[PDB]
Amino acid sequence: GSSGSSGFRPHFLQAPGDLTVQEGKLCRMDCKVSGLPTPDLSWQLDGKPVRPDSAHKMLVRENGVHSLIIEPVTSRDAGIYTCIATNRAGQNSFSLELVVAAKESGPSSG
C-alpha cells in the first residue's frame, strides 16, 4: 500500500527555556520530540555543532527523548542552543537560553 511507512513531522512536546546555573554546577536538560520512525536531532551552540565530551554528555532514549547534561559548567556554556529535528516526515527546530552565574570567589570559605 503506502509506498513508505507511518511517519509524522518532528514536534517538540516539552521544550526548555531560560535556566540558571552557577559555574561549576550540574546542568541537566530534558526535551521530548514526537515523530516516526525516529526524528533525528542535533545540538548546536552559537551556530556550531556541539560535540559530547567529558563535560558535555548527550543522552538518547528509545522513545525519541533527548537530554544534554553539562558538568562542570563554564561561562562559555551560556548561549542559545538551537536544535533541529529532522524526520522522514519533515523537520523542526527551537531556541533556548541558558544563564550561568559565576562563582562567588572570595577570601571566605564556602
# chains A, B, ... in the order shown; residues from 1 in each chain; ligands from 1
>>> residues_around(residues="residue A:41", least_positions_apart="2", cutoff="12 Å", atoms="only C-alpha atoms", output="PDB file with N, CA and C atoms, in the first residue's frame")
ATOM      1  N   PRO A  10       8.474  16.049  13.124  1.00  0.00           N
ATOM      2  CA  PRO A  10       9.056  16.182  14.463  1.00  0.00           C
ATOM      3  C   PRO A  10       8.475  17.364  15.233  1.00  0.00           C
ATOM      4  N   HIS A  11       7.751  17.067  16.306  1.00  0.00           N
ATOM      5  CA  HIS A  11       7.142  18.106  17.129  1.00  0.00           C
ATOM      6  C   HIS A  11       7.588  17.979  18.583  1.00  0.00           C
ATOM      7  N   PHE A  12       8.237  19.022  19.090  1.00  0.00           N
ATOM      8  CA  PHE A  12       8.719  19.026  20.466  1.00  0.00           C
ATOM      9  C   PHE A  12       7.572  19.270  21.443  1.00  0.00           C
ATOM     10  N   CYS A  31      14.130  17.176  26.860  1.00  0.00           N
ATOM     11  CA  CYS A  31      13.351  17.567  25.691  1.00  0.00           C
ATOM     12  C   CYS A  31      12.747  16.345  25.007  1.00  0.00           C
ATOM     13  N   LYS A  32      11.446  16.403  24.745  1.00  0.00           N
ATOM     14  CA  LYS A  32      10.745  15.302  24.094  1.00  0.00           C
ATOM     15  C   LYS A  32      10.296  15.696  22.691  1.00  0.00           C
ATOM     16  N   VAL A  33      10.472  14.784  21.739  1.00  0.00           N
ATOM     17  CA  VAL A  33      10.081  15.036  20.358  1.00  0.00           C
ATOM     18  C   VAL A  33       9.266  13.876  19.798  1.00  0.00           C
ATOM     19  N   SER A  34       8.142  14.202  19.166  1.00  0.00           N
ATOM     20  CA  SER A  34       7.269  13.186  18.587  1.00  0.00           C
ATOM     21  C   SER A  34       7.521  13.044  17.089  1.00  0.00           C
ATOM     22  N   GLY A  35       7.536  11.803  16.613  1.00  0.00           N
ATOM     23  CA  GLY A  35       7.767  11.552  15.202  1.00  0.00           C
ATOM     24  C   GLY A  35       8.208  10.127  14.931  1.00  0.00           C
ATOM     25  N   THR A  38      11.740   7.770  13.561  1.00  0.00           N
ATOM     26  CA  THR A  38      12.600   8.314  14.604  1.00  0.00           C
ATOM     27  C   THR A  38      13.239   9.626  14.163  1.00  0.00           C
ATOM     28  N   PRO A  39      12.731  10.743  14.705  1.00  0.00           N
ATOM     29  CA  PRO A  39      13.237  12.080  14.382  1.00  0.00           C
ATOM     30  C   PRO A  39      14.632  12.323  14.947  1.00  0.00           C
ATOM     31  N   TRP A  43      22.430  18.932  18.315  1.00  0.00           N
ATOM     32  CA  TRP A  43      22.649  20.091  19.172  1.00  0.00           C
ATOM     33  C   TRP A  43      23.577  21.097  18.501  1.00  0.00           C
ATOM     34  N   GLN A  44      23.308  22.380  18.716  1.00  0.00           N
ATOM     35  CA  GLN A  44      24.122  23.439  18.132  1.00  0.00           C
ATOM     36  C   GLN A  44      24.307  24.590  19.114  1.00  0.00           C
ATOM     37  N   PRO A  49      28.192  22.994  15.661  1.00  0.00           N
ATOM     38  CA  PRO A  49      27.864  21.623  16.067  1.00  0.00           C
ATOM     39  C   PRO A  49      28.554  21.224  17.367  1.00  0.00           C
ATOM     40  N   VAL A  50      27.796  21.226  18.459  1.00  0.00           N
ATOM     41  CA  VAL A  50      28.334  20.863  19.764  1.00  0.00           C
ATOM     42  C   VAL A  50      28.531  19.355  19.877  1.00  0.00           C
ATOM     43  N   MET A  58      25.552  13.674  26.111  1.00  0.00           N
ATOM     44  CA  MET A  58      24.269  13.602  25.422  1.00  0.00           C
ATOM     45  C   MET A  58      23.595  12.255  25.667  1.00  0.00           C
ATOM     46  N   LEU A  59      22.294  12.290  25.933  1.00  0.00           N
ATOM     47  CA  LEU A  59      21.531  11.073  26.187  1.00  0.00           C
ATOM     48  C   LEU A  59      20.583  10.773  25.031  1.00  0.00           C
ATOM     49  N   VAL A  60      20.376   9.488  24.760  1.00  0.00           N
ATOM     50  CA  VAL A  60      19.491   9.066  23.681  1.00  0.00           C
ATOM     51  C   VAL A  60      18.640   7.873  24.103  1.00  0.00           C
ATOM     52  N   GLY A  64      12.723   8.606  21.565  1.00  0.00           N
ATOM     53  CA  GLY A  64      12.937   9.904  20.953  1.00  0.00           C
ATOM     54  C   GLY A  64      13.376  10.952  21.957  1.00  0.00           C
ATOM     55  N   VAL A  65      13.198  10.652  23.240  1.00  0.00           N
ATOM     56  CA  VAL A  65      13.578  11.577  24.301  1.00  0.00           C
ATOM     57  C   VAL A  65      15.073  11.869  24.266  1.00  0.00           C
ATOM     58  N   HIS A  66      15.428  13.138  24.439  1.00  0.00           N
ATOM     59  CA  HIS A  66      16.827  13.550  24.427  1.00  0.00           C
ATOM     60  C   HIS A  66      17.140  14.441  25.627  1.00  0.00           C
ATOM     61  N   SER A  67      18.424  14.550  25.956  1.00  0.00           N
ATOM     62  CA  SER A  67      18.856  15.367  27.085  1.00  0.00           C
ATOM     63  C   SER A  67      20.329  15.738  26.954  1.00  0.00           C
ATOM     64  N   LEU A  68      20.668  16.949  27.382  1.00  0.00           N
ATOM     65  CA  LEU A  68      22.044  17.427  27.314  1.00  0.00           C
ATOM     66  C   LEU A  68      22.538  17.865  28.690  1.00  0.00           C
ATOM     67  N   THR A  82      20.416  25.807  19.666  1.00  0.00           N
ATOM     68  CA  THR A  82      19.448  25.594  18.597  1.00  0.00           C
ATOM     69  C   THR A  82      19.489  24.156  18.097  1.00  0.00           C
ATOM     70  N   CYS A  83      18.411  23.418  18.341  1.00  0.00           N
ATOM     71  CA  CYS A  83      18.325  22.026  17.914  1.00  0.00           C
ATOM     72  C   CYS A  83      17.363  21.876  16.741  1.00  0.00           C
ATOM     73  N   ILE A  84      17.735  21.039  15.779  1.00  0.00           N
ATOM     74  CA  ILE A  84      16.905  20.807  14.603  1.00  0.00           C
ATOM     75  C   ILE A  84      16.585  19.325  14.441  1.00  0.00           C
ATOM     76  N   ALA A  85      15.315  18.976  14.622  1.00  0.00           N
ATOM     77  CA  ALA A  85      14.876  17.592  14.492  1.00  0.00           C
ATOM     78  C   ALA A  85      14.348  17.314  13.089  1.00  0.00           C
ATOM     79  N   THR A  86      15.015  16.408  12.379  1.00  0.00           N
ATOM     80  CA  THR A  86      14.614  16.053  11.024  1.00  0.00           C
ATOM     81  C   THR A  86      14.097  14.620  10.961  1.00  0.00           C
ATOM     82  N   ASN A  87      12.834  14.467  10.576  1.00  0.00           N
ATOM     83  CA  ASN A  87      12.222  13.148  10.475  1.00  0.00           C
ATOM     84  C   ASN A  87      11.782  12.860   9.043  1.00  0.00           C
ATOM     85  N   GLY A  90       9.293  15.481   8.097  1.00  0.00           N
ATOM     86  CA  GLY A  90       9.737  16.843   7.864  1.00  0.00           C
ATOM     87  C   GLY A  90      10.898  17.234   8.756  1.00  0.00           C
ATOM     88  N   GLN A  91      10.905  18.487   9.198  1.00  0.00           N
ATOM     89  CA  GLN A  91      11.970  18.986  10.061  1.00  0.00           C
ATOM     90  C   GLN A  91      11.467  20.122  10.945  1.00  0.00           C
ATOM     91  N   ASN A  92      12.015  20.214  12.153  1.00  0.00           N
ATOM     92  CA  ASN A  92      11.621  21.257  13.094  1.00  0.00           C
ATOM     93  C   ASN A  92      12.823  21.749  13.894  1.00  0.00           C
ATOM     94  N   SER A  93      12.662  22.894  14.550  1.00  0.00           N
ATOM     95  CA  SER A  93      13.734  23.475  15.349  1.00  0.00           C
ATOM     96  C   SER A  93      13.169  24.366  16.450  1.00  0.00           C
ATOM     97  N   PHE A  94      14.005  24.686  17.431  1.00  0.00           N
ATOM     98  CA  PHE A  94      13.591  25.531  18.545  1.00  0.00           C
ATOM     99  C   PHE A  94      14.785  26.269  19.143  1.00  0.00           C
TER     100      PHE A  94
END
>>> select_by_dssp(residues="chain A", states="strand (DSSP E or B)", output="PyMOL selection string")
chain A and resi 11-14+18-22+27+30-34+40-42+44-45+49+56-60+66-70+80-81+83-86+91-94+97-101
>>> residues_around(residues="residue A:54", least_positions_apart="6", cutoff="12 Å", atoms="only C-alpha atoms", output="mmCIF file with N, CA, C and O atoms, in the first residue's frame")
data_model
loop_
_atom_site.group_PDB
_atom_site.id
_atom_site.type_symbol
_atom_site.label_atom_id
_atom_site.label_comp_id
_atom_site.auth_asym_id
_atom_site.auth_seq_id
_atom_site.Cartn_x
_atom_site.Cartn_y
_atom_site.Cartn_z
ATOM 1 N N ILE A 69 23.403 17.054 29.289
ATOM 2 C CA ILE A 69 23.952 17.361 30.604
ATOM 3 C C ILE A 69 25.359 17.938 30.491
ATOM 4 O O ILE A 69 26.151 17.511 29.650
ATOM 5 N N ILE A 70 25.664 18.909 31.345
ATOM 6 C CA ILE A 70 26.977 19.543 31.344
ATOM 7 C C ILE A 70 27.524 19.676 32.761
ATOM 8 O O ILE A 70 26.829 20.139 33.664
ATOM 9 N N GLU A 71 28.776 19.268 32.946
ATOM 10 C CA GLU A 71 29.418 19.343 34.254
ATOM 11 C C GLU A 71 30.899 18.992 34.154
ATOM 12 O O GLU A 71 31.279 17.926 33.667
ATOM 13 N N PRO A 72 31.757 19.908 34.625
ATOM 14 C CA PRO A 72 31.317 21.180 35.204
ATOM 15 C C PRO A 72 30.732 22.123 34.159
ATOM 16 O O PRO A 72 30.646 21.781 32.979
ATOM 17 N N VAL A 73 30.329 23.311 34.598
ATOM 18 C CA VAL A 73 29.752 24.304 33.700
ATOM 19 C C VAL A 73 30.618 25.558 33.638
ATOM 20 O O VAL A 73 31.008 26.107 34.669
#
>>> atom_distance(atom1="atom CA of residue A:95", atom2="atom CA of residue A:14")
12.5 Å
>>> residues_around(residues="residue A:102", least_positions_apart="3", cutoff="9 Å", atoms="only C-alpha atoms", output="compact mmCIF listing (two decimals) with N, CA, C and O atoms, in the first residue's frame")
# COMPACT_ATOMS: atom_id res chain seq x y z
N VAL A 21 22.39 28.40 36.26
CA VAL A 21 23.29 27.50 36.97
C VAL A 21 24.61 28.18 37.29
O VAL A 21 25.25 28.77 36.42
N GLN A 22 25.01 28.10 38.56
CA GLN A 22 26.26 28.72 39.00
C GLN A 22 27.46 27.93 38.49
O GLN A 22 27.55 26.71 38.68
N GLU A 23 28.40 28.62 37.85
CA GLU A 23 29.59 27.99 37.31
C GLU A 23 30.06 26.86 38.22
O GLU A 23 30.06 26.99 39.45
N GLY A 24 30.47 25.75 37.62
CA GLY A 24 30.94 24.61 38.39
C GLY A 24 29.81 23.82 39.01
O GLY A 24 29.98 23.17 40.04
N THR A 74 30.91 26.01 32.42
CA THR A 74 31.73 27.20 32.23
C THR A 74 30.89 28.37 31.74
O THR A 74 29.70 28.22 31.46
N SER A 75 31.51 29.54 31.64
CA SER A 75 30.82 30.74 31.19
C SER A 75 30.47 30.64 29.71
O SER A 75 29.49 31.24 29.25
N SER A 105 33.83 33.94 44.11
CA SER A 105 35.23 33.93 44.50
C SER A 105 35.50 34.98 45.57
O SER A 105 35.21 36.16 45.38
>>> closest_residue(among="A:62, A:96, A:108, A:55", to="residue A:25", atoms="only C-alpha atoms")
A:55
>>> atom_distance(atom1="atom CA of residue A:2", atom2="atom CA of residue A:37")
14.5 Å
>>> atom_distance(atom1="atom CA of residue A:26", atom2="atom CA of residue A:45")
17.9 Å
>>> closest_residue(among="A:110, A:100, A:6, A:76", to="residue A:27", atoms="only C-alpha atoms")
A:100
>>> closest_residue(among="A:89, A:13, A:78, A:98", to="residue A:40", atoms="only C-alpha atoms")
A:89
